[PDB]
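Content type compact mmCIF, C-alpha atoms and all ligand atoms, from the file structure-v8.txt:
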```txt
# COMPACT_ATOMS: atom_id res chain seq x y z
CA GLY O 28 16.23 -9.10 -5.37
CA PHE O 29 17.85 -7.94 -2.04
CA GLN O 30 16.31 -10.90 -0.08
CA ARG O 31 18.73 -12.63 2.32
CA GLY O 32 18.40 -15.50 4.77
CA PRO O 33 15.83 -18.24 5.34
CA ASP O 34 12.03 -18.00 5.36
CA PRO O 35 11.33 -16.09 8.58
CA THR O 36 9.32 -17.28 11.58
CA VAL O 37 8.27 -15.63 14.86
CA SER O 38 10.86 -17.63 16.79
CA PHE O 39 13.52 -16.65 14.23
CA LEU O 40 12.68 -12.97 14.87
CA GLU O 41 12.34 -13.18 18.67
CA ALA O 42 15.55 -15.15 19.26
CA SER O 43 18.07 -13.15 21.27
CA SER O 44 20.14 -12.79 18.10
CA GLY O 45 19.76 -13.41 14.39
CA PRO O 46 21.79 -15.95 12.43
CA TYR O 47 24.82 -13.92 11.38
CA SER O 48 27.77 -13.49 13.67
CA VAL O 49 28.45 -9.75 14.07
CA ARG O 50 31.75 -7.91 14.16
CA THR O 51 32.18 -4.30 15.32
CA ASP O 52 34.11 -1.22 14.21
CA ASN O 53 34.47 1.54 16.83
CA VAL O 54 34.30 5.08 15.45
CA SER O 55 35.92 7.91 17.46
CA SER O 56 34.04 11.21 17.93
CA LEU O 57 37.17 12.77 16.32
CA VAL O 58 35.86 11.45 12.96
CA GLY O 59 32.42 11.70 11.31
CA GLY O 60 30.91 14.71 13.05
CA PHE O 61 28.19 12.61 14.71
CA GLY O 62 29.56 11.95 18.22
CA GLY O 63 31.27 8.64 17.62
CA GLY O 64 29.70 5.20 17.64
CA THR O 65 30.00 1.55 16.63
CA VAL O 66 29.45 -0.04 13.22
CA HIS O 67 27.92 -3.51 13.45
CA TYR O 68 28.33 -5.69 10.36
CA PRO O 69 27.45 -9.33 9.68
CA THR O 70 30.06 -12.01 8.82
CA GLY O 71 29.63 -14.84 6.30
CA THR O 72 27.40 -12.75 4.03
CA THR O 73 27.69 -12.08 0.28
CA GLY O 74 26.43 -9.14 -1.78
CA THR O 75 25.35 -5.72 -0.63
CA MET O 76 22.88 -4.91 2.12
CA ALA O 77 21.05 -1.95 3.58
CA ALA O 78 22.65 0.34 6.16
CA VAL O 79 20.91 1.70 9.25
CA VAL O 80 21.90 4.48 11.66
CA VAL O 81 20.63 4.15 15.28
CA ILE O 82 20.72 7.47 17.16
CA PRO O 83 19.90 8.35 20.76
CA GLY O 84 18.45 11.77 21.69
CA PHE O 85 17.95 12.03 25.47
CA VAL O 86 20.66 14.21 27.11
CA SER O 87 21.68 12.44 30.36
CA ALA O 88 19.91 9.25 29.37
CA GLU O 89 20.40 6.39 31.82
CA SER O 90 20.97 3.99 28.91
CA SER O 91 20.89 4.07 25.13
CA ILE O 92 19.84 2.26 21.94
CA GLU O 93 22.85 -0.09 21.63
CA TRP O 94 20.68 -3.25 21.62
CA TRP O 95 19.60 -2.50 18.06
CA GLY O 96 23.17 -2.77 16.77
CA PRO O 97 23.88 -6.48 17.21
CA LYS O 98 20.18 -7.37 16.91
CA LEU O 99 19.52 -5.82 13.51
CA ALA O 100 22.98 -6.42 12.05
CA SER O 101 22.62 -10.14 12.76
CA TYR O 102 19.75 -10.38 10.25
CA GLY O 103 21.80 -8.86 7.39
CA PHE O 104 22.32 -5.10 7.77
CA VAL O 105 25.22 -2.76 8.42
CA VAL O 106 24.06 -0.99 11.58
CA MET O 107 25.84 1.94 13.24
CA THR O 108 24.83 2.93 16.77
CA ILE O 109 25.69 6.49 17.75
CA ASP O 110 27.16 7.25 21.19
CA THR O 111 25.44 9.50 23.70
CA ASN O 112 26.81 12.78 25.13
CA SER O 113 27.85 14.10 21.74
CA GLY O 114 27.04 17.79 21.99
CA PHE O 115 24.02 17.37 19.78
CA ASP O 116 20.64 17.91 21.39
CA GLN O 117 17.42 19.26 19.87
CA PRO O 118 15.67 17.60 16.91
CA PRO O 119 17.13 19.95 14.25
CA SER O 120 20.69 19.25 15.44
CA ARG O 121 19.77 15.54 15.51
CA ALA O 122 18.80 15.61 11.84
CA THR O 123 22.26 17.02 11.10
CA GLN O 124 23.80 14.27 13.26
CA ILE O 125 21.92 11.58 11.31
CA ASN O 126 23.01 13.06 7.97
CA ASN O 127 26.63 13.15 9.16
CA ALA O 128 26.41 9.54 10.35
CA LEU O 129 24.96 8.43 7.00
CA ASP O 130 27.70 10.30 5.10
CA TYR O 131 30.30 8.53 7.24
CA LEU O 132 28.98 5.03 6.50
CA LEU O 133 28.78 5.79 2.77
CA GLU O 134 32.29 7.23 2.92
CA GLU O 135 33.68 4.12 4.57
CA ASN O 136 31.64 1.95 2.20
CA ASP O 137 33.38 3.71 -0.71
CA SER O 138 36.80 3.08 0.86
CA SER O 139 38.78 0.10 -0.36
CA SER O 140 40.20 -0.54 3.11
CA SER O 141 37.19 -0.40 5.47
CA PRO O 142 36.41 -3.73 7.16
CA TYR O 143 32.96 -3.37 5.53
CA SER O 144 34.16 -1.96 2.18
CA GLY O 145 31.51 -2.38 -0.47
CA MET O 146 29.07 -4.09 1.90
CA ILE O 147 26.46 -1.29 1.74
CA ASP O 148 24.01 -0.59 -1.06
CA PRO O 149 23.82 3.25 -0.93
CA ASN O 150 20.23 3.21 -2.27
CA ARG O 151 18.89 1.44 0.83
CA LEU O 152 19.28 3.48 4.02
CA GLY O 153 17.24 3.38 7.22
CA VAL O 154 17.28 5.32 10.48
CA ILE O 155 16.14 4.32 13.97
CA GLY O 156 16.07 7.21 16.43
CA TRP O 157 15.06 7.76 20.06
CA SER O 158 13.50 10.79 21.77
CA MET O 159 14.78 13.98 20.13
CA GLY O 160 16.65 11.55 17.89
CA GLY O 161 13.19 10.37 16.85
CA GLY O 162 12.19 13.90 15.96
CA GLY O 163 15.43 14.04 14.00
CA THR O 164 14.54 10.74 12.26
CA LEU O 165 11.13 12.05 11.15
CA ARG O 166 12.83 15.27 9.93
CA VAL O 167 15.36 13.27 7.83
CA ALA O 168 12.43 11.16 6.56
CA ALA O 169 10.81 14.43 5.46
CA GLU O 170 14.07 15.51 3.67
CA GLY O 171 13.66 12.47 1.34
CA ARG O 172 17.10 10.91 1.82
CA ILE O 173 16.15 7.65 3.56
CA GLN O 174 14.17 4.53 2.66
CA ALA O 175 12.82 3.50 6.08
CA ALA O 176 12.33 5.20 9.45
CA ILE O 177 11.68 3.92 12.99
CA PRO O 178 11.22 6.75 15.50
CA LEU O 179 11.32 5.48 19.09
CA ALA O 180 9.34 7.56 21.61
CA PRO O 181 9.89 10.61 19.35
CA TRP O 182 10.04 14.16 20.73
CA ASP O 183 9.66 17.27 18.58
CA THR O 184 8.16 20.77 18.72
CA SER O 185 5.69 20.47 15.80
CA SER O 186 4.00 17.86 13.54
CA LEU O 187 3.67 20.20 10.52
CA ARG O 188 7.13 19.28 9.18
CA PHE O 189 5.97 15.61 8.89
CA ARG O 190 2.78 16.21 6.86
CA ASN O 191 4.47 15.10 3.59
CA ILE O 192 6.54 12.10 4.76
CA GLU O 193 6.61 9.37 2.04
CA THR O 194 9.34 7.31 3.76
CA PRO O 195 7.97 4.02 5.22
CA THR O 196 7.72 4.97 8.92
CA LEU O 197 7.08 2.75 11.96
CA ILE O 198 6.67 4.78 15.16
CA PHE O 199 7.10 2.92 18.46
CA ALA O 200 5.18 4.89 21.07
CA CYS O 201 5.53 4.25 24.78
CA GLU O 202 2.15 4.24 26.50
CA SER O 203 3.18 5.68 29.88
CA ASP O 204 5.79 8.09 28.50
CA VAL O 205 6.05 11.32 30.53
CA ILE O 206 9.09 12.70 28.66
CA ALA O 207 7.39 12.69 25.24
CA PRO O 208 3.73 12.06 26.12
CA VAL O 209 2.12 10.06 23.33
CA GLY O 210 -0.81 12.46 22.97
CA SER O 211 1.50 15.41 22.31
CA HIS O 212 4.24 13.65 20.33
CA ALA O 213 4.15 10.12 18.83
CA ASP O 214 0.38 10.17 18.11
CA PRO O 215 0.10 13.56 16.31
CA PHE O 216 3.39 12.85 14.51
CA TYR O 217 1.99 9.56 13.21
CA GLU O 218 -1.31 11.15 12.19
CA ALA O 219 0.49 13.97 10.35
CA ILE O 220 2.01 11.45 7.92
CA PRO O 221 -0.24 10.95 4.86
CA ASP O 222 -2.37 7.82 4.75
CA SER O 223 -0.89 7.15 1.31
CA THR O 224 2.46 6.47 3.02
CA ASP O 225 3.34 2.98 4.27
CA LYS O 226 3.28 3.59 8.00
CA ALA O 227 2.52 1.99 11.36
CA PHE O 228 1.95 3.09 14.96
CA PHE O 229 2.83 0.59 17.70
CA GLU O 230 2.10 1.79 21.22
CA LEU O 231 3.81 -0.52 23.71
CA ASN O 232 1.73 -1.30 26.78
CA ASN O 233 2.85 0.57 29.93
CA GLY O 234 6.06 1.73 28.27
CA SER O 235 8.28 4.38 29.76
CA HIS O 236 10.21 6.76 27.51
CA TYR O 237 12.89 4.04 27.21
CA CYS O 238 10.51 1.33 25.96
CA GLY O 239 11.69 1.33 22.36
CA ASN O 240 15.41 1.12 23.11
CA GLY O 241 15.58 -2.66 23.35
CA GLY O 242 17.36 -5.01 25.69
CA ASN O 243 14.30 -4.63 27.92
CA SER O 244 10.79 -6.01 28.47
CA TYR O 245 9.80 -5.36 24.86
CA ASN O 246 12.48 -7.35 22.99
CA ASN O 247 9.92 -9.61 21.27
CA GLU O 248 7.92 -6.71 19.87
CA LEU O 249 10.85 -4.48 18.90
CA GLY O 250 12.67 -7.35 17.20
CA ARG O 251 9.68 -9.02 15.52
CA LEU O 252 8.22 -5.79 14.16
CA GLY O 253 11.36 -3.66 13.83
CA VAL O 254 13.45 -6.20 11.95
CA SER O 255 10.43 -6.98 9.80
CA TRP O 256 9.98 -3.29 9.03
CA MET O 257 13.53 -3.03 7.78
CA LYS O 258 13.47 -6.30 5.83
CA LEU O 259 10.19 -5.36 4.15
CA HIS O 260 11.10 -1.82 3.21
CA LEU O 261 14.88 -1.81 2.81
CA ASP O 262 15.19 -5.33 1.25
CA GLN O 263 11.72 -5.26 -0.41
CA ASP O 264 11.49 -8.73 1.25
CA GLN O 265 7.79 -9.66 1.03
CA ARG O 266 8.41 -12.68 3.30
CA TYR O 267 8.31 -10.24 6.30
CA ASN O 268 4.92 -8.70 5.37
CA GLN O 269 3.26 -11.49 7.39
CA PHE O 270 4.51 -10.04 10.65
CA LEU O 271 3.27 -6.50 9.90
CA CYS O 272 0.06 -6.84 7.87
CA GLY O 273 -2.32 -9.56 8.98
CA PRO O 274 -1.91 -10.01 12.73
CA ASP O 275 -4.39 -8.56 15.20
CA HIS O 276 -1.60 -6.59 16.81
CA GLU O 277 -3.66 -5.07 19.61
CA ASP O 278 -4.59 -8.53 20.84
CA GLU O 279 -1.00 -8.79 22.14
CA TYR O 280 -0.60 -7.93 25.81
CA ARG O 281 2.49 -5.81 25.08
CA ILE O 282 0.72 -3.71 22.41
CA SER O 283 -1.78 -1.23 23.81
CA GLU O 284 -2.64 0.36 20.46
CA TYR O 285 -1.96 -0.31 16.78
CA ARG O 286 -2.54 1.82 13.68
CA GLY O 287 -1.28 1.30 10.15
CA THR O 288 -1.84 1.68 6.42
CA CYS O 289 -1.60 -1.96 5.37
CA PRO O 290 -1.31 -3.15 2.66
CA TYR O 291 2.21 -1.90 1.90
CA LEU O 292 4.24 -1.74 -1.32
CA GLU O 293 1.23 -1.12 -3.55
CA CA C 1 -1.55 -0.02 30.01
CA CA C 2 -1.59 1.12 2.06
```
Since I need it in another form, could you write the structure as structure tokens?
Amino acid sequence: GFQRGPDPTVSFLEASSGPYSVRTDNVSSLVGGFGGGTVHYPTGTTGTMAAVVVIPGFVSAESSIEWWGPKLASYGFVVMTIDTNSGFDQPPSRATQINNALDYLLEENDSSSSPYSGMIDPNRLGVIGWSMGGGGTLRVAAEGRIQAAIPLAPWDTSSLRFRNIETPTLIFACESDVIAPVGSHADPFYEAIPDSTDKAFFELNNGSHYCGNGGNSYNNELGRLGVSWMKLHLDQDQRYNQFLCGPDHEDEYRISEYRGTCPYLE
């Protein structure tokens, strides 16, 4: 079970939005302990669905990760994007921020009066995180609480904390990144994760540190692979395996390197 929506296609995944109209709930920084944000939830749906937190992690970023909110929610997820300039900073504080954001969603889910009351299945939680938020994502993945992880241009001080990650993890690396150079961050972080774990490494060709944030030159890749990652691992929706295990990913112009442990869900 957990499957939702029609048989997927590339065009279905690369469209500017998914099928479901999306409504929003603004969360003040006064509540939650995670810096405020916006809950994106689909309309017209039935049943429960997975929840995803999307967290930034670049102090004085020029832009953020908001694209993921409406994009992912429109394929059947409750997706909260966290605001920037929250007082959190380094990867350990960002793990706390993620945990507080997840608590908040579950708390509102358990409320009878939330606009998305009862929409979330608490057993199916994912996190997408950028920069030091990506280091925080990998740290929460290592804590064992989540069911899928997408670090975006992750930054952290060490890879040793990630040597036991069992959470399905897709790292988007940005080839030309000078903030979190791939060779010192996304690459060794990916290689630290055991080869028994369902994982993938997608380096985006010529990408700056912002390349994974979406609403940019990489929409096709981030949507096609990122939505598929969450459908496959949070919904156990085998219909999305085709986009992740099978294609010659590096043949794509936008993808300068691919690594992975296909097949998944063995
Ligand atoms: Ca290049
Ligand atoms: Ca495998």
Discussion item. Around ligand CA 2 (chain C), which protein and nucleic acid residues have at least one atom no more than 7 Å from it, if we count all atoms listed in the file? List them as a VMD selection string.
Written reply: chain O and resid 223 to 225 288 to 291 293
Could you make a table, as a tab-separated table, of the residues of chain O that have an atom within 10 Å of an atom of ligand CA 1 (chain C), each with its nearest atom pair and distance in Å to one decimal, counting all atoms listed in the file, in chain and number order?
```
residue	atom	partner	partner_atom	distance
O:201	CA	C:CA1	CA	9.8
O:202	CA	C:CA1	CA	6.6
O:203	CA	C:CA1	CA	7.4
O:230	CA	C:CA1	CA	9.7
O:231	CA	C:CA1	CA	8.3
O:232	CA	C:CA1	CA	4.8
O:233	CA	C:CA1	CA	4.4
O:234	CA	C:CA1	CA	8.0
O:280	CA	C:CA1	CA	9.0
O:281	CA	C:CA1	CA	8.6
O:282	CA	C:CA1	CA	8.7
O:283	CA	C:CA1	CA	6.3
O:284	CA	C:CA1	CA	9.6
```
Which residue of O:286, O:212, O:50, O:258 approaches residue 174 in chain O most closely, using all atoms listed in the file
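Closest to residue 174 in chain O of all the choices is O:258.
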Judged by only C-alpha atoms, the minimum distance to residue 33 in chain O among O:260, O:276, O:266, O:172 is found for O:266
May I have the protein, DNA and RNA residues with any atom at most 10 Å from the point (6.9, -11.3, 17.1), counting only C-alpha atoms, written as JSON, numbers by chain? {"O": [36, 37, 38, 39, 40, 41, 42, 246, 247, 248, 249, 250, 251, 252, 253, 254, 255, 270, 271, 274, 276, 279]}
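Between CA of residue 151 in chain O and CA of residue 184 in chain O the separation is 28.4 Å.
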- Task: Give the answer as one residue: which of O:91, O:31, O:292, O:45 has the shortest atom-to-atom distance to residue 243 in chain O, using all atoms listed in the file?
- Result: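 Of O:91, O:31, O:292, O:45, the one nearest residue 243 in chain O, counting all atoms listed in the file, is O:91.
As for CA of residue 204 in chain O and CA of residue 273 in chain O, they are spaced 27.5 Å apart.
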